[PDB]
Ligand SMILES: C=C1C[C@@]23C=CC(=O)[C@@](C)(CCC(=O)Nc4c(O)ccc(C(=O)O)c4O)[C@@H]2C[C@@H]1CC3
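Single chain ahead, written as structure tokens, the form solved without the ligand.
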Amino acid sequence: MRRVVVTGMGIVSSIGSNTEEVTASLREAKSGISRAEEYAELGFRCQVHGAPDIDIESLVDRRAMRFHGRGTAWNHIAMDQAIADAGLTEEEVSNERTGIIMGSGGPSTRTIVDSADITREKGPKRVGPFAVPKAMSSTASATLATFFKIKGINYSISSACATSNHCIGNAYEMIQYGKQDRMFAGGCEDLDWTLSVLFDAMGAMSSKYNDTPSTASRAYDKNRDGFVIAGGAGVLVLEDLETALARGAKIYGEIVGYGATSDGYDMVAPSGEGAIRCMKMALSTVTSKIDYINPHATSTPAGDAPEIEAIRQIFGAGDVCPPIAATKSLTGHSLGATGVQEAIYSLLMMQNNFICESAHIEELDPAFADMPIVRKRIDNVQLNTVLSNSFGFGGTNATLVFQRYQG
């Protein structure tokens, strides 16, 4: 099997519109969570969200927007960023050896609802002719593959919270096995009431911190009360090592492990043992210690704990366990975008020699008192190997491990 490296990154996040803004937010523990006035107007319990702040029309031209919902428009921006970061020529983007696996947890729910509404109000013709590519589950891959003239692999993986972790892992496999030499991998999610309401109705999102929105997402806090939803996108450029070296690529890291398993247990709560198997699978090909864990931890009573127990089973407790810092306390949970964004946060922390605070822990849950959850930013630390989990509804698990390239 060939070695696979990350040569470019792009991101649209609740904590920044590019990698520089994201890095500053991570370093300063600047929350991306704000009040969602619209959710209050609609009668939601949860009235907080993690909204990107970015001017799409200034970055994606009108004709290029024809088939984009707002999630895939963010993904287009992230792809432009990743291409620029990697320094790719047009020929390097568009060729038979270069593919795309780009996913979202759902499609444009807003397009679907707006279309149903206008059908009933003004008639089917008034849906317009461009709604299908926005409404389909493959929207993120179809729109970008077409626009960027991708000629190799083209499809989406979805797996709820795990979506863009599996997209990256499958793209990794394609390159390892020699089927493609370069891949664009990642994902996105729109942020829209038509999606958020589904989670509010199940009671899954935070509602006890509506008056202090910035601190509503608080993984590992004793009084965590649900996740905070977000939208955004991320893209990695992946290349086989020889391809990267030969063109003088930047190497942000090497992908050195990938795990994917299934709980076969509960639709909306994890079993724990599935996560253990997933992390073990990712670690089976890794020969250095793990220096940092970017957990799944979404700030839920039932979710944060089983993952911690899984981590304890593999790594032990206390100082011998890698430092753990939940970036979702700053960013919220961007569903399809989460895996790739967390890969990017982890790679940026590696680049900049720090581990962010696990934010908004006002009172640590005593169940986790034995674990090295980061309470204050750790500076001047050399990270060489980082692990990131994403564990999604339907018992779907994905873990990725990235390593500093040193030959």
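Start at 1 with the first residue shown and count on from there.
The following text describes the form deposited with the ligand bound, which does not appear among the structures shown.
Which of 242-250, 82-90, 201-209, 119-127 lines the interface with the ligand in the bound PDB entry (heavy atom within 4.5 Å): Careful reading of the contacts points to 201-209.
4.5 angstroms heavy atom contact with the ligand in the bound PDB entry for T327: No, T327 is distant from the partner.
Heavy atom of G152 within 4.5 Å of the ligand in the bound PDB entry: No, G152 stays farther than 4.5 Å from the ligand in the bound PDB entry.
4.5 angstroms heavy atom contact with the ligand in the bound PDB entry for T300: Within the cut-off, so yes.
Contact test in the bound PDB entry: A269 vs the ligand, heavy atoms, 4.5 Å: Yes.
Candidate from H333, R218, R182, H76 lying within 4.5 Å of the ligand in the bound PDB entry - any heavy atom: For this set of options, the contacting one is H333.
Partner-contacting position among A230, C161, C278, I293 - heavy atom within 4.5 Å of the ligand in the bound PDB entry: Among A230, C161, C278, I293, a heavy atom within 4.5 Å of the ligand in the bound PDB entry occurs only for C161.
Interface residues of 372-407 toward the ligand, as seen in the bound PDB entry [heavy atoms, 4.5 Å]: Those in contact are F391, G392, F393.
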